[PDB]
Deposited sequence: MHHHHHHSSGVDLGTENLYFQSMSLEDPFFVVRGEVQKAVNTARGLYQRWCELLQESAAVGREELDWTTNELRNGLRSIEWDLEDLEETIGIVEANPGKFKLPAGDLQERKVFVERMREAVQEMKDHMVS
């Protein structure tokens, strides 16, 4: 399943979580939103872990994958951006 396909799915999930987060900040509805967001963030993180593992595999075996170096770097930046986006929301859910 190509990285670019997964990338689009992860971005959509982060955008959806941000929508929930904006609702949560505005605000039983609060309890439901808290749960939905916590679950949603955990789900995104599982997906990010998988992307990170694939980056590691591809970098370690360039003969097999032949992924251009620029493209590999853009994957790492994408994962870092998404991790940061998730962490911003997670910070506010603590406790």
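Which parts of the deposited sequence lack C-alpha coordinates?
Those parts of the chain that were deposited but carry no coordinates are 1-26, 54-62.
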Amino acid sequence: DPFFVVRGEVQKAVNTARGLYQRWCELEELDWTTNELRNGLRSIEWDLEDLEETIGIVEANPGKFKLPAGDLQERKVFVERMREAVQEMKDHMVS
From here on, numbers count along this sequence of modelled residues.
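Which is higher in the entry, the mean Cα B factor of 67-75 or that of 16-24?
The deposited B-factors put 67-75 ahead on the C-alpha mean.
On average, are the C-alpha B-factors higher in 55-63 or in 28-36?
Comparing 55-63 with 28-36, the higher mean C-alpha B-factor belongs to 28-36.
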